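Same chain, two forms, each on its own as structure tokens: structure 1, then structure 2.
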Structure 1
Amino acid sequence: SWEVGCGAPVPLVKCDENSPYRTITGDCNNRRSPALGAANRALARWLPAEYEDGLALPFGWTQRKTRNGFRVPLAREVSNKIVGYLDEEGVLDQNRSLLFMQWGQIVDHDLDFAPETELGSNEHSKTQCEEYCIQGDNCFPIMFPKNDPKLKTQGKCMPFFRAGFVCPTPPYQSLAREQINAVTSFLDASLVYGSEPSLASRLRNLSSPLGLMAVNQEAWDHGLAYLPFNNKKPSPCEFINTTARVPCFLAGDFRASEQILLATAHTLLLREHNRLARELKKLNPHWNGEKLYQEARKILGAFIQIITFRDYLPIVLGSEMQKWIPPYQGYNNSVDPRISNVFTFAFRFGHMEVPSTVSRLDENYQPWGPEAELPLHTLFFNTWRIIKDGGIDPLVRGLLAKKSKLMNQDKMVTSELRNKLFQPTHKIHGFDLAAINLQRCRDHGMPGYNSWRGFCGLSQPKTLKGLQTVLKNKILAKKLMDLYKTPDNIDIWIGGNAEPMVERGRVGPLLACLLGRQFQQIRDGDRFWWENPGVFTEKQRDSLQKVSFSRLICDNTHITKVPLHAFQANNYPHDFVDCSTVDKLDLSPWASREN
């Protein structure tokens, strides 16, 4: 029932528990156990992992091994039969902007990243996974079912490499395999500043004592800053247009350029830092770089917490917001702030909120040029469409005046992600994010749908008609029963997402519970939570309480018309007001008085 353990990274970290600043790595957040929520450690297990062999092998690995006496369906077959749809007509969320989806991905990137095995090597390039589609040792290919179009076109499988685990080792025996969280479990803008000393410093402008983040030297946006390029090869952002040869951006998080609207929101977050620093500098010119960096980082960290907890979670969790995140009653050092393995899958509800197209809008919020609208698949790892096609202003306008996809039991994930996903090194727009989510559920040893239903104190359907009642959908139930045979065997990603949405929310009860718990814990278990007595002065928090995503945009673009409520569905001009009408961030209470 208890063991001793193994040590993955640098075992301890001298803490210096005077420092008023979060570490970069998240270490020293918790004084009793300083490793808690620190990056490059095991994700938390809320339930024991479930592997084919009890230890490490995913359900589905060995054909003759059942789960509860039934074969596990191929991930792509589940994708084709349940997740797919043809008709993008009527699929849009009438009361969520496209920024709703985007903030989800941003928060996600702040909280969890489980890299595939050895990010310190490409070896052993035999290759062979993508070529000969042969299973072995952390090559776990997604095999196509009979009658899959991709059969005809792409080969027998989509490549897939198993997630890294502690101890940071390929061969492992004894205990249950535990995947790594490579970012800080704390909601702390790690996606802007990084989660390792190494990347934190490379991101900084040290060359001047102003505590600024590095900016693009090779290009600019009407004088406004771009993130610096990653001059790493092979650059997938170069690969998607070898003519344009415009590389990926360098950010606190390595997924920053995965799509143009994530790269965009990263660009906004960086500018805010530099803006915040330059402001602080003026008020307090006696402050060195370090002090400005940290004080800006600290304010940026709060902005993310507040937009997340005050604006985003209430319209994800809906009725269930109070049940799982009651109002803040201060830091609790007994709460475990770590991101759970299951969260990293629950948060992929976002994938059903991504629509098929992205718009560039002009100052009249009307089509920017004759190619205003682009398919999402052409915008993966696409930086050149920012740099040479009007910078971020047209793209941010689209985040405001366009809609998220609405999650839909007959229209789950757009074919832009479900058939055309680009993965670096693999050359084609030919991958499936849904199939990858399911394979990854199994990779991570996820307990099934009913285990998690029991965890959240909810009924555990055993029959078709039981599942019909919970999904409130005869035909979706029937397809799942036909593929999985028992609700116990349904992968949590698709089980969770199949449930109809709670009142005023965008996730069902199961996900509401799994998400709500995690957000509760990263808040209550955070020493540096913005509302914690002593982190911010009482006046500093009256200033922070007024930030909005509407304000972030006004201060960091040349956009002069915004909604007040950026996550709601907003039509121009009826729901738009001038940037003048929007509460500003008053940095008065940061005025420091000394020698």
Structure 2
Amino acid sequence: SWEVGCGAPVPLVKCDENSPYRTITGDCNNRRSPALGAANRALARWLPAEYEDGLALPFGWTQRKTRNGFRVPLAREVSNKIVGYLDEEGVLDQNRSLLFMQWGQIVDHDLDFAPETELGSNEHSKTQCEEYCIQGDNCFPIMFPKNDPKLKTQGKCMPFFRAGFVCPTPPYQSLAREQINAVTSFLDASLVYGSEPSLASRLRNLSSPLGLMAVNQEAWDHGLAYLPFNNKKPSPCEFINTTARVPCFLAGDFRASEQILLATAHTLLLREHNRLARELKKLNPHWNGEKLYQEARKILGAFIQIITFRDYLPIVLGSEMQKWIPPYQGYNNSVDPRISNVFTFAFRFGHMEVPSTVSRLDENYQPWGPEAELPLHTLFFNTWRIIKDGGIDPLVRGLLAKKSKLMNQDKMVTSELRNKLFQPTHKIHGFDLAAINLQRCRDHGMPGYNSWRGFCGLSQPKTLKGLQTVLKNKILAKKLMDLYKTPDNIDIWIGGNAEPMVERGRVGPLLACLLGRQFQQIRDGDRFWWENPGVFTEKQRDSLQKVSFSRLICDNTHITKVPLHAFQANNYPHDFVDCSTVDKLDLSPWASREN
């Protein structure tokens, strides 16, 4: 029944068998099926795609075509009715540092990307979608409902383009449309080094034979590195301030400069890599360039896996952590490590942890200057506030001392992102991340909220009352039921995020199920997982077991006052200890006597 498979726009797969390092494309991780968990392959489908025409059109494309008997609500109306809120007071998460939100976006980025289809450069098609809001082909305009304030100041719609899809990049009509995952499903640091050989090398500094990742030669941070700029025009980091004229950064992942704190976390990672490569050279001066890069790359990948799985995942999953992520039992080659399509949506829960402002803090963690605190939207693709305004050291203090937004049923997504998002090649701070998310669900042909509840062994509410009992919220149930006239139709994104938080965790039962499963697969089906016997030496594993985000800060910034548990709420100077009382990553176990 299920064919051997389509694979036109994907090259050859030739796997070096002795190779002890990962490939940049992620290819060859799994021996029996070497394309599993590799960039540029279709996202996996845990459940059949659901499309309007059961092939490729998204629901809500043909006004006359209903879903389960009903019309799907406009993405922006749902957003306006449910997602939006005015009052930023009392919305901070008392037990999560803002670093909690940041680590989430870092991991999400390392895992999946599903970029839009290409048909817009040297073609004005991109402007024809924007200008006349005509739905066609890839252009899938997010229309404004009747009472929208944006109707008055912005037009009839918000531009939107369908995500790219495997095999043909013009419409094919036999198997359902499968979108592409442009990065490697492995927690490999793809976001630091690249997912394409072509990027991966450019990012490198091949001049010196020291295995360094190339840095910015135009500007520094107290003698500390900055990612190289990307000299591709037009640049949104230039468009936001045309007087400053500072371009976006060049990183392993394309979206690195979308907001200043991600740009910031990317800055810390590159530094650790360089810091590692210099430390290794000293111990093993005989090591060639490649070895230094690979060994360094290998370590940072382990670092991300420990932080994410030991410190991050448990505070996201809490009570459900063990249920889906039992302690490691070793590599299983029968585990599918490909990121599933719906996970790329489950993981957007992070969007409700983004608060309306960002601050810069001095050495006693106090307001750094006149405008230490800034509105989040002035930070989208803002690179000049880092180079021209104090380095990352101030911003990394805000990441430790401020809180993330708490998910709230009456306050889901802050307007900075809801009304004011900036998208490249478009001119305004006037977009909606919520609306986009919803439209993306439909574009990916996502099954409704009950299919996913079914998928997780949870009940499937069919009535208003049924929904209320699940969400533990009358008014929220009433609104959803008014917009989608049946739970069966609630877009997974808004659906999963409406459930209350499970104990000790920051997501509901449905997302804990979907997230947990994926991460469990990420770990168990990855031949190069740091704790998988034989990847690192038992001694090395003991060295690694001691890493901490605090340590990464201390090593890569001039901050000497960090908390111990980076992800929880920590105030200064009480919960802050000197860096010396914090374990280091002793790299001695990497000495290589070959005499």
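Shifts are known only where both forms have a C-alpha. Between two forms, the rigid core is defined as the largest C-alpha subset superposing within 1.5 Å. Counting starts at 1 with the first residue of structure 1 and goes up one by one along its sequence.
A.B. asks: Picking from 152, 126, 282, 286, which residue has its CA shift by 2 Å or more between structure 1 and structure 2, once the rigid core of the two forms is superposed?
C.D. replies: The residue that shifts is 126.
A.B. asks: C-alpha of residue 20: shift of 2 angstroms or more between structure 1 and structure 2, rigid core aligned?
C.D. replies: The answer is no; the displacement is under 2 Å.
A.B. asks: Return yes or no for residue 11: a CA shift of at least 2 Å between structure 1 and structure 2, with the rigid core superposed?
C.D. replies: Residue 11: C-alpha displaced by 2 Å or more between structure 1 and structure 2.
A.B. asks: How much does the C-alpha of residue 490 move between structure 1 and structure 2, in Å, given a rigid core overlay?
C.D. replies: Displacement of the alpha carbon, after core fit: 0.2 Å.
A.B. asks: Once the rigid core is superposed, tell me how far the Cα of residue 173 moves between structure 1 and structure 2, in Å to one decimal.
C.D. replies: C-alpha displacement of residue 173 between structure 1 and structure 2: 1.3 Å.
A.B. asks: Once the rigid core is overlaid, which residue runs, three or more long, move by 2 Å or more at each CA between structure 1 and structure 2?
C.D. replies: Core-superposed, displaced stretches are 8 to 12, 119 to 127.
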